[PDB]
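Residue numbers (PDB author numbering): 1 to 130.
Backbone N, C-alpha and C define an ideal beta-carbon position, used for all residues, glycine too.
As structure tokens, then:
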């Protein structure tokens, strides 16, 4: 709603595990201020694959060892795994190259899930001399 969404939080590449192919694949996940999560084929949002709710929607999120029914792809390590749970029930199988990345997503998500935004009236006002 709110005429869609305006403003991006983060945008990186993460490994997602498929169901029919049961294999990890490269995917670009981008979080919106509106409180939504959409991943497209590549950085360029041209062919939207899907869109899930983030605002008060994320039930839980695991990272690394936390994982229970997930395995790291080739090269990567268990110190990167990361899965997100949705209130709707369905979850999201992901895996960060490193633990750092995983945590970043876990925190960036957990927050947006339980943290609203003043989105409404703001100005780019900033520095001038320099």
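Candidates the options: closest to residue i by CA position
i: residue 65; options: 58, 79, 57; result: 79
i: residue 55; options: 61, 37, 72, 102; result: 37
Test item: CB-CB of residue i and residue j under 9 Å
i: residue 63; j: residue 81; result: yes
i: residue 51; j: residue 87; result: no
i: residue 70; j: residue 17; result: yes
i: residue 154; j: residue 33; result: Past the edges of the chain, shown from 1 to 130, lies residue 154, and the structure says nothing about it.
Rounded straight-line distance, which links the Cα of residue j to that of residue i
i: residue 47; j: residue 11; result: 16 Å
i: residue 27; j: residue 41; result: 6 Å
i: residue 95; j: residue 73; result: 8 Å
i: residue 127; j: residue 22; result: 50 Å
Residue i in three-state terms, based on DSSP
i: residue 20; result: coil
i: residue 107; result: helix
i: residue 49; result: strand
For residue i: DSSP bridge partner residues
i: residue 188; result: Any question about residue 188 goes unanswered here, given that the chain covers just 1 to 130.
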